[PDB]
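J.: One structure, as structure tokens, below. Some questions next.
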Amino acid sequence: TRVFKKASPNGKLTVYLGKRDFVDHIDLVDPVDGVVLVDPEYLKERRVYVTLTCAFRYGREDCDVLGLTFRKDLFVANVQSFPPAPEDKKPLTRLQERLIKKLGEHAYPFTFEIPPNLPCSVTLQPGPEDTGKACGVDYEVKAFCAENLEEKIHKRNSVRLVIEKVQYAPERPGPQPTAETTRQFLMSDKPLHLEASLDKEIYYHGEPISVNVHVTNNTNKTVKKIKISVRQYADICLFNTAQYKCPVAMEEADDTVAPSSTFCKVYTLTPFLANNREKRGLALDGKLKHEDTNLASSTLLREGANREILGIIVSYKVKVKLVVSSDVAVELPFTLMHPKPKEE
Amino acid sequence: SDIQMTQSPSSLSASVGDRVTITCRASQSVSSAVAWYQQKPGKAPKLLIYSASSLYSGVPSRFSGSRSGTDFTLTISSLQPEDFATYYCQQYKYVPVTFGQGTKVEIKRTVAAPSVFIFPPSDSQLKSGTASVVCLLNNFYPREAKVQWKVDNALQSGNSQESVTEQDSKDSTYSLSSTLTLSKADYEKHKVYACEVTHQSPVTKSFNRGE
Amino acid sequence: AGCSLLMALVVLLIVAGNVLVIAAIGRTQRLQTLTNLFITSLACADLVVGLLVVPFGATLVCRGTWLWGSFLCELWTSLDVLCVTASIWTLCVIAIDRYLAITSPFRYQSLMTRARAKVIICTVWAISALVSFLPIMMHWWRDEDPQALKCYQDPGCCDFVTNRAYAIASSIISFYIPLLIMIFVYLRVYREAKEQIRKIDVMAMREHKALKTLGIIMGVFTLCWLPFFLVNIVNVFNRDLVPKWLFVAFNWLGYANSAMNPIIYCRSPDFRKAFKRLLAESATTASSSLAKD
Amino acid sequence: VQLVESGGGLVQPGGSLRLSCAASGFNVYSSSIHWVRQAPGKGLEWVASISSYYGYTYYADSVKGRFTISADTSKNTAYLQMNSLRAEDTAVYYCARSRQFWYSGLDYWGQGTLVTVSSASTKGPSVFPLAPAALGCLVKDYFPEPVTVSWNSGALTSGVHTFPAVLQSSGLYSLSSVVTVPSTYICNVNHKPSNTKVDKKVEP
Ligand SMILES: COc1ccc(C[C@@H](C)NC[C@H](O)c2ccc(O)c(NC=O)c2)cc1
């Protein structure tokens, strides 16, 4: 296998992280396990400290005219890498044990355990004119050297190896999304059934979505157009809970349903980024600068847990709405993310 | 710049139920993103291994991939008759992706003497105005057989086309045809045309223009 | 007494600071951010001050009369109100931007666009011209007082005299309204900043530094501009009651804001490094082979 | 699960062509369509790729500019508009797919569409016998090279060695079909482009 080894500007610190992307199981998040190769002769007085900080960048500026930092550490853990502390001792994994053998005694292992119910690696799409670091949650194992944690972290000794906490699709398929909204107009005084539904709940990125819109308009009023919008709701709860909506795919069909008539159409849509790159504030998946960033994967939150979680929590729902001579609307939620890569 | 992938061997000889190994070195430090494909004569390529360590779903398990830094390796424990085809290595890490030069794998058999023959241009070719002599090498292995032309006992290195035939499944032997095209005027200037074949001592066969 | 050195000092300060800020924002691609272009219009507005306004103003003050030109007197005056109104509105715009960022950072990403920010500063320059140039072209600012009419008729006289209506209208639309928006926006920013620091709580030091930064940028602006518009409000009610030498002294105190804006609003490390360079890394992620089991 | 390409035919240098590739069993957004050409007797050479999910149009250094790759989402079809053609572009273009999330080789490959590029126009299969323990038939001055030589209308299928067509400096293909016999040997050369059936008897 291979191990990603990012080195510090000076070159003394080199963190050997086995993988830059860690599968996110809602039941038990995987550990960020690695070893830091340092020279025992160098920094004889200081102590190598590694920290896995989940910095949520809400502003695209490291510093501004006011001096306020525009990055909040939602989850920051500090473990003493060298010298090994008896209290911080952890059972070395197969990856860590193999790395220490290859590197030798000069290398010291470090392990982390990301608590569950945390935001995944999501990046707010910066516009084409935007200049600066992309916003969103990003995990990074900053390996620095300092006598204490509160001491200024010199960038020459730091190792900012940004990683991504990606969440793939579950092995079990979800229930068929189904939602029906009936609106009764005062003048018409008759129901307007909109029994739209999806073929499946788990959709792979780039896979077409088939919305079986089944309209049964019994009211005298007729629908002029059928607008299906795949609204991406980013539940950002950093300071104040706010659901930011961004349409990633809109289909406005000029299909009219005469009064006292039924309708049934399977609209095929596909959430893609090629057209949504102009959209500002869109939540994209958190990937490395080299790898291409796709649409943010739907965060699978723990059932029966806190509804508010700091960071970006994207949720996709197709909004099948019919405009009438007010308008009817119904939201069918669905989870959009990649499947677990098969390994053997 | 373009990361050219140097693949070797250019032509690997093996037998059924044998172990083969194909090496592919990248000009730059490419990551594990190095696929391996199988290209049969006429048919389309087939993705054997992806990521240089993961076999594609639906391919035989005998194939295997191993990385040694920048020299990627595709190993086949026991190659079957269907495994006799070209192999290519592409680096989809950096664009533009660059494929390999190819490694044609054929059946290995006992070395056999080459059947060398010469055929001058018929009367029809002489009248057409563009005469051409040809030399045929039948039932010879391996394909690495050099042919030299001698229009007047002088080595010719121009206006000569060489064609190689795919290894037939009957005898697993190769066939080569070297055609030297000359004008009606230059053709008559030379008297005896000969073909010298060098392939596993060299044999020279000559035939005078006038019978 | 000499006015060349006293006037040259501030002149060199404004031109030097602004040229340095403009050069740092242009040459350096990292500084070409969204919040920086707001300061580029402030520095651009402050540059025109030290280039055309401050030099002509200093001469008129110590010489005693305006001998450059009859129409140039009104042109220089209109350009002065334009730059001041533009500088004040720019300080209020960037303040609103910091509020939109600190309070609603996620909405600020999509709401505040580079092209939109360019339109914002363009509208700021437009409203300032409507308050400065439009009245000058129509002479609406000219007062009907006897001393005011005498000064206008005299080509040499160029004292800034305005009527009650225009004086109040300009004072409320140019300084007081942006002032109320600025003080209110900064108060909300300070409250929200403390809440963010409390939620997060090296940590307290940065908080105190940010809180101190906010105070100095607001105190320097107030202490410089408030006195000028404060005495002007009384001058409008009683022109003869207020003195001319004090009106000029406070007007120069207001120009000091534009003079200190480049060094006060660009104190961030990104701007300090660019200034040091004008006055004069991240290692790629590799990989190693792990011995297979 | 199946990629079928079409639109590859004979074109002269500097012409225009539109190679189409229809997909079945997979959408163009979830997987990027790639085009790789393999010249006769040469290795594969990536031509261009299209990522509909990202709208990225990647071209090779030597092929960039002259080629234009596009994709129709409504018909899940890929198009490779070709302009300013050159003789080097003569190859068997293949239309394959790559997983967008994430790139893992090229799973499925198309059958291929031979697109020859040469200035020489269609010509007849000029046959020439070849005799002295073997006889042969040499076909010359023909383009393209789908020629198929059969001995005695395919009756003599033993010892026959049909060599592949080789491109000449003039741009016309040529191949020789030789049969081995110690000791009345008709040779039928069929050219479909020209619709010709040349029959000749090879003798000493
Ligand atoms: C009496 O002696 C004098 C002579 C000249 C001046 C300079 C004045 C043009 N600067 C004006 C200043 O630049 C400014 C800025 C913004 C404004 O809205 C207004 N208008 C006030 O009514 C004025 C001052 C006093």
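For neighbour counting, all protein chains shown are included, and Cβ atoms are generated from backbone atoms with ideal geometry for every residue, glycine included. Every read-out reported here was derived from the displayed coordinates using simple, explicitly stated rules and does not represent laboratory data.
J.: Can you pull the Rg over Rh of segment A:236-289, Cα-only, Kirkwood?
T.: Values: Rg = 17.3 Å, Rh = 15.2 Å.
Reported Rg/Rh, Kirkwood definition of Rh: 1.14.
J.: To the nearest 20 debye, what is the magnitude of the charge dipole of chain B about its Cα centre, counting +1 on the Cβ of each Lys and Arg and -1 on the Cβ of each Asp and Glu?
T.: On the way: 21 positive and 17 negative charges, 51 e Å.
So the magnitude is around 240 debye.
J.: Using Cα centres only, tell me the gap between segment C:197-211 and segment D:98-119 in whole Å.
T.: 57 Å
J.: OK, next. How much of the pair distance distribution for segment C:58-205 lies past 25 Å, counting alpha-carbon pairs only, in percent?
T.: Numbers: 5057 of 10878 pairs.
That tail contains 46 percent of the Cα-Cα pairs.
J.: Along segment A:33-50, what does the Karplus equation 6.51 cos²θ - 1.76 cosθ + 1.60 (θ = phi - 60°) give for ³J(HN,Hα), rounded to whole Hz, x for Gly and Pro?
T.: After applying 6.51 cos²θ - 1.76 cosθ + 1.60, I find 9, x, 10, 10, 8, 10, 8, x, 6, 6, 6, 5, 9, 6, 10, 6, 10, 10 Hz.
J.: Just going by the charge dipole of the protein assembly as shown, with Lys and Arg at +1 and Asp and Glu at -1 on Cβ, which of C:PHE229, D:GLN111, A:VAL266 is farthest out on the positive end?
T.: C:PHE229
J.: Kirkwood hydrodynamic radius (Cα pairs, Å) of segment B:155-194?
T.: Details: mean 1/r = 0.0798 Å⁻¹.
For segment B:155-194, the Kirkwood estimate is 12.5 Å.
J.: Using the Kirkwood radius over Cα pairs, work out the Stokes-Einstein diffusion coefficient for segment A:259-303 at 10 °C and 1.306 mPa s, in µm²/s as a whole number. If you can, show how the numbers build up before the last one.
T.: Values: Rh = 14.1 Å.
Roughly 113 µm²/s, to the nearest whole number.
J.: Can you compute the charge dipole magnitude of chain D about its Cα centre, using +1 on each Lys and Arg Cβ and -1 on each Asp and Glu Cβ, nothing else charged? Give it in debye, rounded to the nearest 20.
T.: Dipole about the Cα centre, nearest 20: 180 debye.
J.: Also, quick follow-up: What is the order of A:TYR139, D:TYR173, fewest Cβ neighbours within 10 Å to most? Before the final figure, lay out each step's value.
T.: Details: A:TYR139 26, D:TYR173 23.
With the fewest neighbours first, A:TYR139, D:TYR173 line up as D:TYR173, A:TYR139.
J.: What Kirkwood radius, in Å to one decimal, follows from the Cα pairs of the protein assembly as shown?
T.: Working: mean 1/r = 0.0277 Å⁻¹.
Computed over the protein assembly as shown, the radius equals 36.1 Å.
J.: Starting from the Cα of B:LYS170, move 7 Å in the Cα-to-Cβ direction to define the label point; list residues of segment D:181-195 whose amide nitrogen is under 13 Å from there.
T.: Once the point is set 7 Å along Cα→Cβ of B:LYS170, D:181-182 turn out to lie under 13 Å by backbone N, inside segment D:181-195.
J.: Further question: Size of the dipole of the protein assembly as shown about the Cα centre, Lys and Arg at +1 and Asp and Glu at -1 on the beta carbon, nothing else charged, in debye to 20? Mind dumping the intermediate values first?
T.: On the way: 112 positive and 92 negative charges, 130 e Å.
Using Cβ point charges on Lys, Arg, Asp and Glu, the protein assembly as shown gives about 620 debye.
J.: If you don't mind, there's one more thing I want to ask. Report the calculated FRET efficiency for A:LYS289 and A:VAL323 (r = Cβ-Cβ distance, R0 = 30 Å), to the nearest 0.05. Show your work: numbers first, answer last.
T.: Details: r = 42 Å, r/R0 = 1.41.
Calculated transfer efficiency: 0.10.
J.: Just tell me which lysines come within less than 19 Å, Cα to Cα, of C:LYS118; anything on the same chain fewer than 8 places away is out.
T.: A:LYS279
J.: If pairing requires two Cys Cβ atoms under 4.7 Å apart, which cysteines of chain C are left without a partner?
T.: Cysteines lacking a close Cβ partner in chain C: C:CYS44, C:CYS83, C:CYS92, C:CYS122, C:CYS224, C:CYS266.
J.: Return P(r) of segment D:51-109 (all Cα-Cα pairs; 10 Å bins starting at 0; whole %; ordered from short to long distances).
T.: 17, 51, 30, 3
J.: Can you tell me the FRET efficiency between B:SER1 and D:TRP102 if r is taken as the Cβ-Cβ distance and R0 is 22 Å, rounded to the nearest 0.05? Write out the running numbers ahead of the final one.
T.: On the way: r = 25 Å, r/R0 = 1.12.
Efficiency, from the Cβ-Cβ distance: 0.35.
J.: Per q in 0.13, 0.14, 0.15 1/Å, what log10 I(q)/I(0) does a Debye calculation on the alpha-carbon atoms of chain A return?
T.: Here the Debye-derived log intensity ratios amount to -1.02, -1.13, -1.24.
J.: Moving to a separate point now. What's the extension gain from A:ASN10 to A:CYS63 if we count 0.36 nm per residue and subtract their Cα-Cα distance? Please report the intermediate quantities before stating the final value.
T.: Values: separation 53, 0.36 × 53 = 19.08 nm, distance 2.44 nm.
Full extension of this stretch gives 16.6 nm more.
J.: When the Kirkwood radius is taken over all Cα pairs of segment B:136-211, what Stokes-Einstein diffusion coefficient follows at 10 °C and 1.306 mPa s, in µm²/s?
T.: On the way: Rh = 13.6 Å.
Here the translational diffusion coefficient equals 117 µm²/s.
J.: Okay, moving on. Given C-alpha coordinates of chain B, what is the ratio Rg to Rh with the Kirkwood estimate of Rh? If you can, show how the numbers build up before the last one.
T.: Values: Rg = 22.0 Å, Rh = 19.8 Å.
In chain B, Rg relative to Rh is 1.11.
J.: What number in nm² do you get for segment D:2-115 if you take the convex hull of its Cα atoms and divide its surface by four?
T.: Working: hull surface 26.3 nm².
Result: a mean projected hull area of 6.6 nm².
J.: Could you check what % of the DSSP bridge pairs in chain A are antiparallel, to the nearest 5?
T.: In chain A, approximately 95 percent of DSSP beta bridges are antiparallel ones.
J.: Let me ask another. Using a Förster radius of 60 Å, what is the FRET efficiency between C:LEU12 and C:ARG198 based on their Cβ-Cβ separation? Nearest 0.05, please. Walk me through the intermediate numbers first.
T.: On the way: r = 44 Å, r/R0 = 0.74.
Efficiency, rounded to the nearest 0.05: 0.85.
J.: Along the charge dipole of segment A:35-159, pointing to its positive end and built from +1/-1 on Cβ of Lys, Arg, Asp and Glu, which listed residue (A:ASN117, A:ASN157, A:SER81) has its Cα farthest out?
T.: A:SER81
J.: A follow-up question, please. What nm value, rounded to one decimal, do you get for the distance between B:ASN139 and A:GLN176 when each label is placed 7 Å out toward the C-beta?
T.: Between B:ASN139 and A:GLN176, the simple spin-label model gives 7.0 nm.
J.: Counting only other residues whose beta carbon sits under 14 Å from that of C:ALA86, what net charge do I get with K and R as +1, D and E as -1? Spell out each step's value before the answer.
T.: Values: positive: none; negative: C:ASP46, C:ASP80.
Surrounding charge for C:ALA86 is -2.
J.: May I have the extent of the alpha carbons of segment A:1-172 along their three principal axes, as whole Å values ordered from largest to smallest?
T.: So the three principal-axis extents are 49, 47, 28 Å.
J.: Follow-up. How large, in Å, is chain C by the Kirkwood hydrodynamic radius built from its alpha-carbon pairs?
T.: On the way: mean 1/r = 0.0473 Å⁻¹.
One over the average 1/r among Cα pairs gives 21.1 Å for chain C.
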